[PDB]
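Take a look at the structure set out below.
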Amino acid sequence: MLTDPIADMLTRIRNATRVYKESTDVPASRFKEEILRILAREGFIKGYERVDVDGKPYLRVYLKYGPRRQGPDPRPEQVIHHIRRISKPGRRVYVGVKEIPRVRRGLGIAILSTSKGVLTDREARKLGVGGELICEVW
Amino acid sequence: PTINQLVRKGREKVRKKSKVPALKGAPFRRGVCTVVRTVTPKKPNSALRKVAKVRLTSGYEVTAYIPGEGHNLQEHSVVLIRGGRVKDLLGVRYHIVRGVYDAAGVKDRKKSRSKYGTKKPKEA
RNA sequence: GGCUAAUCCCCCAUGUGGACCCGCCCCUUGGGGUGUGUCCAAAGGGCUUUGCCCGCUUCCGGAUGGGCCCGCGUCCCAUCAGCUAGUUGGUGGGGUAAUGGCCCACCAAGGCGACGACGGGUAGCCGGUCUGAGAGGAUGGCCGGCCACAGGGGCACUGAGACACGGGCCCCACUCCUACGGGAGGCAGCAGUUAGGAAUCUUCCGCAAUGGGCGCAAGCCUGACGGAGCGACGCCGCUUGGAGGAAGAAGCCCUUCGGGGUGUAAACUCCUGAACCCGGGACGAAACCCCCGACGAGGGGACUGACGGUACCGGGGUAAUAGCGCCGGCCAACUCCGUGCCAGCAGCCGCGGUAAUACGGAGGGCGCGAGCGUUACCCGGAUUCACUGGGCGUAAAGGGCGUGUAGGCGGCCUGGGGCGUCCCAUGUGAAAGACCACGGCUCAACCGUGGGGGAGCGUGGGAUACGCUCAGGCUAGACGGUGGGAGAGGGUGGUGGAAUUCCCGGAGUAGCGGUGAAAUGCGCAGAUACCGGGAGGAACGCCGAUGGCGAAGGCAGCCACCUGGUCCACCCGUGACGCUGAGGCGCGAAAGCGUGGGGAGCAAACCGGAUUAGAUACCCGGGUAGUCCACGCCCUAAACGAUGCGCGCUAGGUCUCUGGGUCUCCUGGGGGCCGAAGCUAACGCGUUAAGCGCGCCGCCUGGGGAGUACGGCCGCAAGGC
RNA sequence: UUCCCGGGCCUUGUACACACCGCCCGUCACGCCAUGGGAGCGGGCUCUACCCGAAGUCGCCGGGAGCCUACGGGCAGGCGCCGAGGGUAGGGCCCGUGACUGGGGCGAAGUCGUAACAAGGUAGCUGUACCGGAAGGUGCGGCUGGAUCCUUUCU
Ligand SMILES: [Mg+2]
Ligand SMILES: [Mg+2]
Ligand SMILES: [Mg+2]
Ligand SMILES: [Mg+2]
Ligand SMILES: [Mg+2]
Ligand SMILES: [Mg+2]
Ligand SMILES: [Mg+2]
Ligand SMILES: [Mg+2]
Ligand SMILES: [Mg+2]
Ligand SMILES: [Mg+2]
Ligand SMILES: [Mg+2]
Ligand SMILES: [Mg+2]
Ligand SMILES: [Mg+2]
Ligand SMILES: [Mg+2]
Ligand SMILES: [Mg+2]
Ligand SMILES: [Mg+2]
Ligand SMILES: [Mg+2]
Ligand SMILES: [Mg+2]
Ligand SMILES: [Mg+2]
Ligand SMILES: [Mg+2]
Ligand SMILES: [Mg+2]
Ligand SMILES: [Mg+2]
Ligand SMILES: [Mg+2]
Ligand SMILES: [Mg+2]
Ligand SMILES: [Mg+2]
Ligand SMILES: [Mg+2]
Ligand SMILES: [Mg+2]
Ligand SMILES: [Mg+2]
Ligand SMILES: [Mg+2]
Ligand SMILES: [Mg+2]
Ligand SMILES: [Mg+2]
Ligand SMILES: [Mg+2]
Ligand SMILES: [Mg+2]
Ligand SMILES: [Mg+2]
Ligand SMILES: [Mg+2]
Ligand SMILES: [Mg+2]
Ligand SMILES: [Mg+2]
Ligand SMILES: [Mg+2]
Ligand SMILES: [Mg+2]
Ligand SMILES: [Mg+2]
Ligand SMILES: [Mg+2]
Ligand SMILES: [Mg+2]
Ligand SMILES: [Mg+2]
Ligand SMILES: [Mg+2]
Ligand SMILES: [Mg+2]
Ligand SMILES: [Mg+2]
Ligand SMILES: [Mg+2]
Ligand SMILES: [Mg+2]
Ligand SMILES: [Mg+2]
Ligand SMILES: [Mg+2]
Ligand SMILES: [Mg+2]
Ligand SMILES: [Mg+2]
Ligand SMILES: [Mg+2]
Ligand SMILES: [Mg+2]
Ligand SMILES: [Mg+2]
Ligand SMILES: [Mg+2]
Ligand SMILES: [Mg+2]
Ligand SMILES: [Mg+2]
Ligand SMILES: [Mg+2]
Ligand SMILES: [Mg+2]
Ligand SMILES: [Mg+2]
Ligand SMILES: [Mg+2]
Ligand SMILES: [Mg+2]
Ligand SMILES: [Mg+2]
Ligand SMILES: [Mg+2]
Ligand SMILES: [Mg+2]
Ligand SMILES: [Mg+2]
Ligand SMILES: [Mg+2]
Ligand SMILES: [Mg+2]
Ligand SMILES: [Mg+2]
Ligand SMILES: [Mg+2]
Ligand SMILES: [Mg+2]
Ligand SMILES: [Mg+2]
Ligand SMILES: [Mg+2]
Ligand SMILES: [Mg+2]
Ligand SMILES: [Mg+2]
Ligand SMILES: [Mg+2]
Ligand SMILES: [Mg+2]
Ligand SMILES: [Mg+2]
Ligand SMILES: [Mg+2]
Ligand SMILES: [Mg+2]
Ligand SMILES: [Mg+2]
Ligand SMILES: [Mg+2]
Ligand SMILES: [Mg+2]
Ligand SMILES: [Mg+2]
Ligand SMILES: [Mg+2]
Ligand SMILES: [Mg+2]
Ligand SMILES: [Mg+2]
Ligand SMILES: [Mg+2]
Ligand SMILES: [Mg+2]
Ligand SMILES: [Mg+2]
Ligand SMILES: [Mg+2]
Ligand SMILES: [Mg+2]
Ligand SMILES: [Mg+2]
Ligand SMILES: [Mg+2]
Ligand SMILES: [Mg+2]
Ligand SMILES: [Mg+2]
Ligand SMILES: [Mg+2]
Ligand SMILES: [Mg+2]
Ligand SMILES: [Mg+2]
Ligand SMILES: [Mg+2]
Ligand SMILES: [Mg+2]
Ligand SMILES: [Mg+2]
Ligand SMILES: [Mg+2]
Ligand SMILES: [Mg+2]
Ligand SMILES: [Mg+2]
Ligand SMILES: [Mg+2]
Ligand SMILES: [Mg+2]
Ligand SMILES: [Mg+2]
Ligand SMILES: [Mg+2]
Ligand SMILES: [Mg+2]
Ligand SMILES: [Mg+2]
Ligand SMILES: [Mg+2]
Ligand SMILES: [Mg+2]
Ligand SMILES: [Mg+2]
Ligand SMILES: [Mg+2]
Ligand SMILES: [Mg+2]
Ligand SMILES: [Mg+2]
Ligand SMILES: [Mg+2]
Ligand SMILES: [Mg+2]
Ligand SMILES: [Mg+2]
Ligand SMILES: [Mg+2]
Ligand SMILES: [Mg+2]
Ligand SMILES: [Mg+2]
Ligand SMILES: [Mg+2]
Ligand SMILES: [Mg+2]
Ligand SMILES: [Mg+2]
Ligand SMILES: [Mg+2]
Ligand SMILES: [Mg+2]
Ligand SMILES: [Mg+2]
Ligand SMILES: [Mg+2]
Ligand SMILES: [Mg+2]
Ligand SMILES: [Mg+2]
Ligand SMILES: [Mg+2]
Ligand SMILES: [Mg+2]
Ligand SMILES: [Mg+2]
Ligand SMILES: [Mg+2]
Ligand SMILES: [Mg+2]
Ligand SMILES: [Mg+2]
Ligand SMILES: [Mg+2]
Ligand SMILES: [Mg+2]
Ligand SMILES: [Mg+2]
Ligand SMILES: [Mg+2]
Ligand SMILES: [Mg+2]
Ligand SMILES: [Mg+2]
Ligand SMILES: [Mg+2]
Ligand SMILES: [Mg+2]
Ligand SMILES: [Mg+2]
Ligand SMILES: [Mg+2]
Ligand SMILES: [Mg+2]
Ligand SMILES: [Mg+2]
Ligand SMILES: [Mg+2]
Ligand SMILES: [Mg+2]
Ligand SMILES: [Mg+2]
Ligand SMILES: [Mg+2]
Ligand SMILES: [Mg+2]
Ligand SMILES: [Mg+2]
Ligand SMILES: [Mg+2]
Ligand SMILES: [Mg+2]
Ligand SMILES: [Mg+2]
Ligand SMILES: [Mg+2]
Ligand SMILES: [Mg+2]
Ligand SMILES: [Mg+2]
Ligand SMILES: [Mg+2]
Ligand SMILES: [Mg+2]
Ligand SMILES: [Mg+2]
Ligand SMILES: [Mg+2]
Ligand SMILES: [Mg+2]
Ligand SMILES: [Mg+2]
Ligand SMILES: [Mg+2]
Ligand SMILES: [Mg+2]
Ligand SMILES: [Mg+2]
Ligand SMILES: [Mg+2]
Ligand SMILES: [Mg+2]
Ligand SMILES: [Mg+2]
Ligand SMILES: [Mg+2]
Ligand SMILES: [Mg+2]
Ligand SMILES: [Mg+2]
Ligand SMILES: [Mg+2]
Ligand SMILES: [Mg+2]
Ligand SMILES: [Mg+2]
Ligand SMILES: [Mg+2]
Ligand SMILES: [Mg+2]
Ligand SMILES: [Mg+2]
Ligand SMILES: [Mg+2]
Ligand SMILES: [Mg+2]
C-alpha cells in the first residue's frame, strides 16, 4: 500500500525527470489527474494521458526538458527544477486565503486543494479561497 | 523524530548553570577576608598571584582575585566581590573591587583607573 | 439602680402593590399570568407654612456593580504511578441572594489516572514588555484589569455590600504598661527610624485643579491627588564657543640628525553672549454662589492658587566644565622607554624566561562624550532541542530479536452528512502600548485628536477538493485455495564410523615425552612404538562453498517421527481484512547460579618445571570448577551490516543458490562483486541505498567525572534495567 | 645478500608529528576542593490513630433553679456537635551539624613497572569468570575495528 499516493506521484515524476525519461506511469486517481491537469496547464509537463497496464489504469506523464547544453555535462536544464509535498498524512497543512505562499517570488506554483477544487496559488487568491496546501513546484 | 513523536514527547529546553553563586542574583557581594595568600598558577604559566579567601554576606566562602599591582588587604579587612574568573588559577571565580571598602585603589597607576579604582591625578 | 427625646424599636389601620401555600392558563429547569385564602408598609424635618423643598413607604422597570456555573488556554520532575471516605452518585433536609456533598442524615458503590491522576518543586495571572527576520525564547517593575493578603491561625457580628488593613471575639509569637491581679498594641497607608543588603528618596507644599465621603447649602474631611525636593537611575533637548590665525612658537614625543608629530591646536585678532543681574509676568479657572427667569432652559454676571514671581516675553551681560574605555586577533586605533616565567594582563586564542605594537608609564591614535567602563541577569547570535530549521555505517545517536495492546498512519469508484477545512456576515478582541496621520509644549522626549490593524472565541449563512464519517461498489495491497520445490529452521527418539583416554591380553626393550634449548613428568611394578579385545564420554573428517536455513541468539554424521518459516506456478476464493507499534509478554551466544546426573579430551583457580633483572606471564608437565545432560534461574555482548520495520520509485554488468519457462536466454525469490543517476566530511553507499519519497517506533545533543552516586524495580547470588 | 652499520625506491600499519632517544597506561607516596556513605544528633513541615480543646456560628434544655412579659414568647444561663491549636505514638519530606569512610579530578614531581599505539614484541577489543604489587594475566564464547606467506626494559 502506498501510504501517500500523491507524494508517490510527485516522486515518480521527480525520479523520472532526473534520469531524463520521456514519460512515466503513475497509478491513477481523479485527484492525481487534477494535480496533473494543473502541471500541464502550468507548463511543467508536456501533459498526460490515461493508459491501462495489465488491465489496471495508470497515467502517463510526459516529461518536459530544456535544450541540450555546452561544455561538460550536456544534459538539459529541468523544467521542474523542484517538486515537493507540503501537506502529508500525519502532518496536514491548511492555509487560509491570506496564508497562501508566494512561491519562488512567483516563478513557481503552490497547488492547493479547495472546496472550489484544485487550484494554483494565484488561482486561489483570485478565487479568494483557502485550503489544503498540497505541492510546491518550481 | 516523526511529528507524532514530537507531539508525544517534544523538544527539551536547555537549562544553564550559573557560573557565579554570589547567590542573591546580586551583581556584587560584600565579604570579609580570611586568608590572604599567594598562589601558584596553572601549568602553562608561572607567577605569584594574590588571592584572598572570603566569607560573604551570603553565607558563602570563596577565594577572590586581587587585581592591580599593590594591595593593602589583610586578614580581617572587608571587601567587595565582583565576579569573573582567572583562567589559570584553580577554583577562583570572583574578583576583588579596588577602591571599595578596605580595598585600596592602585597607587601611582595612571592608565585605566576606572578598573583598579584609583582617582584622577592633578597636573599643573 | 433612676429620668428622657427622636427620621431609634414595637402594635392595630389602609393593600396601590407584594410575599407565601393550593388550583388553572401560557411558558418551559425556579420565566409569566391568574383566583381564593393567610401575611407585609411608612417619619418626619426646613422654609416665606393655603405651597414648595430635603426626606420616608410598598412595587415594577432601568442603570451600574457584583455572586455562582460551564468550554477552552495557562511552568518543571515519572529517580512522583497509582490516587480517593464527603470520596462518587442518590432520596430527604439544613444553609444562602442564589446552584451545589456547601453542610447533615439515610441509601447505593462509586469517581479520577500514562490524554500524566496523586506526589514534589517553583510561581500571583493578564493587557503587555525585552529580544528575535520570523516561528520562538524570556519576563509581568512602573501605568490599566483581575485575584489574594493586612504579625501568624481560626471565627463570626453589623450591613445593600465584609467574614472587614487604620472594626470586633479567641489562640500563638513578639514589644510595651503593670499596685503582679490584669491590661495596650499591629505603617504591605504618606513621610521618617532601625535592621538586613551591592542598593532604592522629603518626618516638604497645597486642597488652586481632578476625583471621593457626608451636607439643602454655606462648608468640613481627603498623605487619592496636584505639585515641589533629593539620586546622570532612564529618555529627550542644551552648553563648555564662532570666524580668522604659521607652510606652521615653546614644551613633550619619535628620528635614518636631513627632520616627522602634537597642529589652526595654542598665543593673538575680531564677533556672538551659557551663566548672571534688572524689569513685566502667566495659562492652568469657571463652576459651586449671586441676580434676571419658575431654584429648569436660556441669558447674563462677581469670588476662587499649592506650583510661584516659577514658565515665558522685554532689557542688560561675561569666552565661559571634560571625561571615560580602548589601541595583538576577533576589532577602529602604534610607536619609544621601562620591566625580563618577575611584576603583571586575560572574554576565548593566549601574552611576559632582553629588540614585549598583549605587562607598566609616556607620546600619538581610535571610540563614545555628561558621560564612559564593570559586574549580575534576559533574548540574540544558537539552524547548539531544528514547527519554521538538525541528526543516528565509522563523529553523540537503531532498542539483542520478536509478538502484539494503546496510539499514530491508510488503495480505487460512487453517494449521504458537513466534524475537521475554507469563505462571507455579525458580535467580542476595554483603555493605555504598538503602527499611521495630523497636532500641543520654540524642538524633541512627553502629550492630545483621529485612522487603520489584529490572532482567538461566540452566532448566522455558504462551499465540498482534501481529512473524517455513514452507506454501497472494486481488486492492483493483504490473506486464502490447488499443485510443485530447496533448506545445518526447531523438538523427540534411535544408530554409525574416526580419534583420544582408560582397562584386559599378546609381542617386544630402554627409553618416551617435551622445548629455542631444557627441566619437571612418565618408564624395570616393563612405559613409548605395534597387534587384538572391552569400557566410556565428547565432537562429527571428506562432502563444505566466496554455500544454505532462521526474527535474532544461532543451526553441520546418519535414520525416523512431531513441527515452524519460506519461494515459485496456476489467476481459483475473500474483498482493504492493511503498516508501524510506547507498555506488556516471549525468545535470547558465552560465562555465571541452584538441585540432581555425568566426566573421555580440554581446562579459570591451583600445583610444579623453565625463562627472566624479577616471571606472579607468555613456553613445558599436571590439575579443580567448568565444558556435557535434565529441570529451574541469570538477560548480558564488537547480541555488528557497529546500518529499526514496511511500501513505491530510480542504468547496467558479472558470479552464484533456488523455483518456473518457448531452458542462445527470459522470468520470480535469495547470496555476493563492480558500477548510472544520485548521496556522502571523506572512506564509501549505489534495485540486498547510506539514492528519491511516505508512514510508524527507538535513540542523540562537548569530553572527563560515570554506566559511577542516590532512588526505584528485577535477581538465590553474581549482578542487571 | 642471511646477518651487523649507513642508505635509496614501492608498499602496509600507527594513538607518532620537537616525529620510536616518540606516545601513553596504572600503583604507591605526596600537594587540593567537591562528593556520597555517614551512626546518631539539633530542629522545621506534613500524614495517621487516640486524648485535651479557646473563640464563634448552629442544635437542644431554658425547670415553684434567675430577669422581662400583653403569658404568645424573649434574654441570661447550661449542655452538645463542629472546631484554631496542644499532647501521646509511630510513617515520610526537608535544612544545619556530623564519628566514619569510597573513589574522584587535576595538582612540585618523585616511584616501580611496560599494559595499549608498528605483527607495540604473547594481534587487539569484548560480555563474563577466577586470579594478581600495579598497568594486567588466564579460562569460555564472540568481534575485526588484525598485520604480513624462547625471552631481551628505559630516555
Ligand atoms: Mg469525488
Ligand atoms: Mg490531457
Ligand atoms: Mg511546513
Ligand atoms: Mg437602667
Ligand atoms: Mg443605666
Ligand atoms: Mg416614658
Ligand atoms: Mg421604623
Ligand atoms: Mg398591618
Ligand atoms: Mg392586589
Ligand atoms: Mg404561579
Ligand atoms: Mg389575593
Ligand atoms: Mg409612627
Ligand atoms: Mg431595582
Ligand atoms: Mg454576571
Ligand atoms: Mg512560572
Ligand atoms: Mg535521585
Ligand atoms: Mg473525611
Ligand atoms: Mg455521611
Ligand atoms: Mg433512597
Ligand atoms: Mg439538596
Ligand atoms: Mg450575608
Ligand atoms: Mg484527558
Ligand atoms: Mg512567573
Ligand atoms: Mg510565592
Ligand atoms: Mg515585539
Ligand atoms: Mg521588534
Ligand atoms: Mg513575540
Ligand atoms: Mg508569554
Ligand atoms: Mg508568564
Ligand atoms: Mg503585578
Ligand atoms: Mg499593576
Ligand atoms: Mg474580573
Ligand atoms: Mg492570612
Ligand atoms: Mg510587617
Ligand atoms: Mg510571623
Ligand atoms: Mg491574620
Ligand atoms: Mg448600609
Ligand atoms: Mg478583622
Ligand atoms: Mg479578607
Ligand atoms: Mg495601619
Ligand atoms: Mg483589644
Ligand atoms: Mg543602612
Ligand atoms: Mg547597612
Ligand atoms: Mg517621587
Ligand atoms: Mg502641610
Ligand atoms: Mg479638592
Ligand atoms: Mg470638590
Ligand atoms: Mg449630594
Ligand atoms: Mg440655606
Ligand atoms: Mg484630619
Ligand atoms: Mg504625587
Ligand atoms: Mg554619583
Ligand atoms: Mg554612578
Ligand atoms: Mg577657531
Ligand atoms: Mg614645536
Ligand atoms: Mg617642531
Ligand atoms: Mg559684546
Ligand atoms: Mg487662571
Ligand atoms: Mg481664564
Ligand atoms: Mg464667572
Ligand atoms: Mg428669584
Ligand atoms: Mg445657566
Ligand atoms: Mg451662566
Ligand atoms: Mg471652591
Ligand atoms: Mg505666587
Ligand atoms: Mg534675555
Ligand atoms: Mg542682546
Ligand atoms: Mg577660552
Ligand atoms: Mg585591527
Ligand atoms: Mg589592560
Ligand atoms: Mg631593558
Ligand atoms: Mg625594548
Ligand atoms: Mg620575546
Ligand atoms: Mg604596548
Ligand atoms: Mg590587548
Ligand atoms: Mg598597554
Ligand atoms: Mg592620549
Ligand atoms: Mg544627553
Ligand atoms: Mg551604564
Ligand atoms: Mg544566549
Ligand atoms: Mg532558537
Ligand atoms: Mg535564529
Ligand atoms: Mg550550548
Ligand atoms: Mg525538524
Ligand atoms: Mg509554526
Ligand atoms: Mg547534528
Ligand atoms: Mg571510535
Ligand atoms: Mg557510534
Ligand atoms: Mg540492531
Ligand atoms: Mg547499541
Ligand atoms: Mg489499531
Ligand atoms: Mg485516502
Ligand atoms: Mg462545517
Ligand atoms: Mg450541501
Ligand atoms: Mg471578527
Ligand atoms: Mg487598542
Ligand atoms: Mg499614555
Ligand atoms: Mg505615545
Ligand atoms: Mg509626530
Ligand atoms: Mg509641533
Ligand atoms: Mg497616541
Ligand atoms: Mg489612539
Ligand atoms: Mg479599533
Ligand atoms: Mg461559524
Ligand atoms: Mg457555520
Ligand atoms: Mg454536498
Ligand atoms: Mg463526499
Ligand atoms: Mg475520502
Ligand atoms: Mg481512523
Ligand atoms: Mg466497503
Ligand atoms: Mg473477484
Ligand atoms: Mg497468494
Ligand atoms: Mg486450482
Ligand atoms: Mg501448497
Ligand atoms: Mg536441521
Ligand atoms: Mg574407540
Ligand atoms: Mg600391556
Ligand atoms: Mg622415576
Ligand atoms: Mg627389573
Ligand atoms: Mg616408582
Ligand atoms: Mg609381558
Ligand atoms: Mg584398540
Ligand atoms: Mg569412565
Ligand atoms: Mg562404543
Ligand atoms: Mg570446509
Ligand atoms: Mg554461512
Ligand atoms: Mg517443513
Ligand atoms: Mg508447477
Ligand atoms: Mg480473481
Ligand atoms: Mg466477488
Ligand atoms: Mg510488527
Ligand atoms: Mg515492545
Ligand atoms: Mg541466556
Ligand atoms: Mg551456558
Ligand atoms: Mg551448574
Ligand atoms: Mg554439579
Ligand atoms: Mg591437559
Ligand atoms: Mg597448562
Ligand atoms: Mg609458575
Ligand atoms: Mg560448585
Ligand atoms: Mg562459585
Ligand atoms: Mg538451561
Ligand atoms: Mg531512519
Ligand atoms: Mg509484517
Ligand atoms: Mg546483481
Ligand atoms: Mg531451469
Ligand atoms: Mg537478486
Ligand atoms: Mg536469509
Ligand atoms: Mg560501489
Ligand atoms: Mg558518480
Ligand atoms: Mg540526504
Ligand atoms: Mg528501500
Ligand atoms: Mg549517511
Ligand atoms: Mg559534561
Ligand atoms: Mg556524560
Ligand atoms: Mg556494567
Ligand atoms: Mg540502586
Ligand atoms: Mg533482594
Ligand atoms: Mg551488590
Ligand atoms: Mg559488571
Ligand atoms: Mg544489591
Ligand atoms: Mg638496513
Ligand atoms: Mg631506486
Ligand atoms: Mg618519495
Ligand atoms: Mg591496525
Ligand atoms: Mg600515514
Ligand atoms: Mg616528540
Ligand atoms: Mg606516573
Ligand atoms: Mg598513609
Ligand atoms: Mg464552646
Ligand atoms: Mg447538632
Ligand atoms: Mg421562660
Ligand atoms: Mg445560649
Ligand atoms: Mg473533635
Ligand atoms: Mg494534633
Ligand atoms: Mg573525603
Ligand atoms: Mg607494551
Ligand atoms: Mg596484551
Ligand atoms: Mg601485544
Ligand atoms: Mg603466545
Ligand atoms: Mg594467571
Ligand atoms: Mg579473557
Ligand atoms: Mg579468544
Ligand atoms: Mg582490530
Ligand atoms: Mg629482561
Ligand atoms: Mg620510565
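Residues are referred to by chain and number: the chain letter is A, B, ... according to the order shown in the C-alpha cells, the number counts from 1 in that chain, and ligands are numbered separately from 1 in the order shown.
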Subject >> Exercise: residue 678 (chain C) partners within 10 Å, only C-alpha atoms (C1' of nucleotides), chain neighbours under 5 positions left out, as a ChimeraX atom specification >> reply: /A:15,18-19 /C:650,686,691-692
Please save N, CA and C atoms (P, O5', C5', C4', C3', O3' and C1' of nucleotides) of the selected residues as a PDB file, in the first residue's frame.
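Generated output (out06.pdb):
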```
ATOM      1  N   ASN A  15      11.970  11.368  -9.878  1.00  0.00           N
ATOM      2  CA  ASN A  15      12.964  10.384 -10.280  1.00  0.00           C
ATOM      3  C   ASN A  15      13.046  10.223 -11.796  1.00  0.00           C
ATOM      4  N   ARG A  18      14.720  13.229 -13.365  1.00  0.00           N
ATOM      5  CA  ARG A  18      16.136  13.261 -13.009  1.00  0.00           C
ATOM      6  C   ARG A  18      16.998  12.306 -13.836  1.00  0.00           C
ATOM      7  N   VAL A  19      16.443  11.168 -14.249  1.00  0.00           N
ATOM      8  CA  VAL A  19      17.166  10.369 -15.256  1.00  0.00           C
ATOM      9  C   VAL A  19      16.756  10.680 -16.715  1.00  0.00           C
TER      10      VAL A  19
ATOM     11  P     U C 650      10.946   3.376 -11.855  1.00  0.00           P
ATOM     12  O5'   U C 650      12.407   3.939 -11.582  1.00  0.00           O
ATOM     13  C5'   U C 650      13.003   4.839 -12.502  1.00  0.00           C
ATOM     14  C4'   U C 650      14.194   5.525 -11.898  1.00  0.00           C
ATOM     15  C3'   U C 650      15.532   4.821 -12.036  1.00  0.00           C
ATOM     16  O3'   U C 650      16.137   4.965 -13.308  1.00  0.00           O
ATOM     17  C1'   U C 650      15.249   5.460  -9.824  1.00  0.00           C
ATOM     18  P     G C 686      26.130  -0.947  -1.742  1.00  0.00           P
ATOM     19  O5'   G C 686      25.212  -0.341  -2.886  1.00  0.00           O
ATOM     20  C5'   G C 686      23.995   0.311  -2.593  1.00  0.00           C
ATOM     21  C4'   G C 686      23.620   1.279  -3.683  1.00  0.00           C
ATOM     22  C3'   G C 686      23.548   0.682  -5.068  1.00  0.00           C
ATOM     23  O3'   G C 686      22.320   0.018  -5.265  1.00  0.00           O
ATOM     24  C1'   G C 686      24.714   2.744  -5.138  1.00  0.00           C
ATOM     25  P     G C 691      20.717   7.781   1.607  1.00  0.00           P
ATOM     26  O5'   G C 691      20.431   7.975   0.057  1.00  0.00           O
ATOM     27  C5'   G C 691      21.385   8.617  -0.770  1.00  0.00           C
ATOM     28  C4'   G C 691      20.864   8.778  -2.170  1.00  0.00           C
ATOM     29  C3'   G C 691      19.495   9.399  -2.261  1.00  0.00           C
ATOM     30  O3'   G C 691      19.555  10.804  -2.167  1.00  0.00           O
ATOM     31  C1'   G C 691      19.575   7.479  -3.626  1.00  0.00           C
ATOM     32  P     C C 692      18.482  11.573  -1.260  1.00  0.00           P
ATOM     33  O5'   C C 692      17.147  11.384  -2.080  1.00  0.00           O
ATOM     34  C5'   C C 692      17.107  11.867  -3.405  1.00  0.00           C
ATOM     35  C4'   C C 692      15.793  11.562  -4.054  1.00  0.00           C
ATOM     36  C3'   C C 692      14.572  11.849  -3.214  1.00  0.00           C
ATOM     37  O3'   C C 692      14.272  13.235  -3.199  1.00  0.00           O
ATOM     38  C1'   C C 692      14.330   9.776  -4.338  1.00  0.00           C
TER      39        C C 692
END
```
**OP:** Counting only C-alpha atoms (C1' of nucleotides), collect the residues of chain A whose closest atom lies at most 10 Å from chain C, and write them out as a PyMOL selection string.
**Re:** chain A and resi 1-20+27-31+34+54-57+84-85+87-90+92-97+112-119+128-134
Residues of the last selection are to be written out with C-alpha atoms, as an mmCIF file, in the first residue's frame.
```cif
data_model
loop_
_atom_site.group_PDB
_atom_site.id
_atom_site.type_symbol
_atom_site.label_atom_id
_atom_site.label_comp_id
_atom_site.auth_asym_id
_atom_site.auth_seq_id
_atom_site.Cartn_x
_atom_site.Cartn_y
_atom_site.Cartn_z
ATOM 1 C CA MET A 1 0.000 0.000 0.000
ATOM 2 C CA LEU A 2 1.264 3.418 -0.991
ATOM 3 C CA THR A 3 0.972 5.374 2.208
ATOM 4 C CA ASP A 4 0.716 8.723 0.428
ATOM 5 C CA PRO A 5 -0.220 8.170 -3.249
ATOM 6 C CA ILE A 6 0.069 11.897 -4.012
ATOM 7 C CA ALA A 7 3.615 12.099 -2.718
ATOM 8 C CA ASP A 8 4.285 8.952 -4.724
ATOM 9 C CA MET A 9 3.104 10.646 -7.886
ATOM 10 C CA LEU A 10 5.269 13.685 -7.246
ATOM 11 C CA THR A 11 8.269 11.478 -6.538
ATOM 12 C CA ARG A 12 7.694 9.161 -9.518
ATOM 13 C CA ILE A 13 7.855 12.343 -11.574
ATOM 14 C CA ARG A 14 10.967 13.571 -9.754
ATOM 15 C CA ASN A 15 12.964 10.384 -10.280
ATOM 16 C CA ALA A 16 11.758 10.155 -13.851
ATOM 17 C CA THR A 17 12.839 13.655 -14.854
ATOM 18 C CA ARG A 18 16.136 13.261 -13.009
ATOM 19 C CA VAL A 19 17.166 10.369 -15.256
ATOM 20 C CA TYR A 20 15.603 12.293 -18.168
ATOM 21 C CA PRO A 27 -1.298 4.595 -10.846
ATOM 22 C CA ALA A 28 -4.380 6.631 -11.447
ATOM 23 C CA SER A 29 -6.991 8.510 -9.449
ATOM 24 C CA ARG A 30 -9.147 11.537 -10.165
ATOM 25 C CA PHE A 31 -7.211 13.578 -7.630
ATOM 26 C CA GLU A 34 -6.425 17.060 -11.193
ATOM 27 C CA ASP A 54 -2.224 -5.394 -17.226
ATOM 28 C CA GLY A 55 -5.803 -4.200 -17.057
ATOM 29 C CA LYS A 56 -5.126 -1.712 -14.301
ATOM 30 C CA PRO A 57 -5.476 2.033 -15.122
ATOM 31 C CA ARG A 84 7.771 18.786 -3.041
ATOM 32 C CA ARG A 85 4.924 17.817 -0.706
ATOM 33 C CA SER A 87 0.591 18.558 3.460
ATOM 34 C CA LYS A 88 1.320 14.916 4.212
ATOM 35 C CA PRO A 89 -0.726 12.418 6.165
ATOM 36 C CA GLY A 90 0.487 12.795 9.690
ATOM 37 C CA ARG A 92 -1.718 18.039 7.427
ATOM 38 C CA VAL A 93 -1.498 21.683 6.423
ATOM 39 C CA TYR A 94 -4.180 24.231 5.633
ATOM 40 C CA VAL A 95 -3.683 27.855 4.641
ATOM 41 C CA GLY A 96 -6.407 30.470 4.850
ATOM 42 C CA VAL A 97 -6.618 32.717 1.832
ATOM 43 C CA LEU A 112 -3.945 23.951 -3.217
ATOM 44 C CA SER A 113 -6.932 21.706 -2.898
ATOM 45 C CA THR A 114 -10.003 23.786 -2.054
ATOM 46 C CA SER A 115 -13.743 23.496 -1.843
ATOM 47 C CA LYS A 116 -13.776 25.186 -5.224
ATOM 48 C CA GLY A 117 -11.465 22.443 -6.433
ATOM 49 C CA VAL A 118 -7.735 22.084 -7.032
ATOM 50 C CA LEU A 119 -6.137 25.426 -7.990
ATOM 51 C CA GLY A 128 -10.464 34.077 -2.917
ATOM 52 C CA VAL A 129 -10.494 30.739 -1.149
ATOM 53 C CA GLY A 130 -8.103 28.901 1.179
ATOM 54 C CA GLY A 131 -7.450 25.188 1.544
ATOM 55 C CA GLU A 132 -5.176 22.187 1.943
ATOM 56 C CA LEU A 133 -1.705 23.084 0.743
ATOM 57 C CA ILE A 134 -0.509 20.176 -1.420
#
```
Subject >> Contacts of residue 584 (chain C) within 12 Å, only C-alpha atoms (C1' of nucleotides), excl. fewer than 6 positions in-chain, as JSON, numbers by chain >> reply: {"C": [403, 404, 405, 406]}
Original post:
What lies within 9 Å of residue 378 (chain C) using only C-alpha atoms (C1' of nucleotides), ignoring chain neighbours under 6 positions off, as a count of residues only?
Top reply: 4
**OP:** Write out as a PyMOL selection string which residues come within 9 Å of region 65-72 of chain A when counting only C-alpha atoms (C1' of nucleotides), dropping same-chain ones fewer than 4 positions away.
**Re:** chain A and resi 17+20+44-45+76-80
Atoms kept (C-alpha atoms) for selection, written as a PDB file, in the first residue's frame:
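See part30.pdb below for the written result:
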```pdb
ATOM      1  CA  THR A  17      12.839  13.655 -14.854  1.00  0.00           C
ATOM      2  CA  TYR A  20      15.603  12.293 -18.168  1.00  0.00           C
ATOM      3  CA  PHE A  44       5.734  21.829 -16.272  1.00  0.00           C
ATOM      4  CA  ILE A  45       4.879  18.730 -18.246  1.00  0.00           C
ATOM      5  CA  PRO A  76      19.492  19.915 -20.480  1.00  0.00           C
ATOM      6  CA  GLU A  77      18.029  22.091 -17.739  1.00  0.00           C
ATOM      7  CA  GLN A  78      14.997  20.774 -15.881  1.00  0.00           C
ATOM      8  CA  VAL A  79      11.564  22.220 -16.407  1.00  0.00           C
ATOM      9  CA  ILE A  80      10.540  21.000 -12.967  1.00  0.00           C
TER      10      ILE A  80
END
```
**OP:** From chain B, collect each residue whose DSSP state is strand (DSSP E) and return the set as a ChimeraX atom specification.
**Re:** /B:29-39,49-56,61-65,78-81,94-95
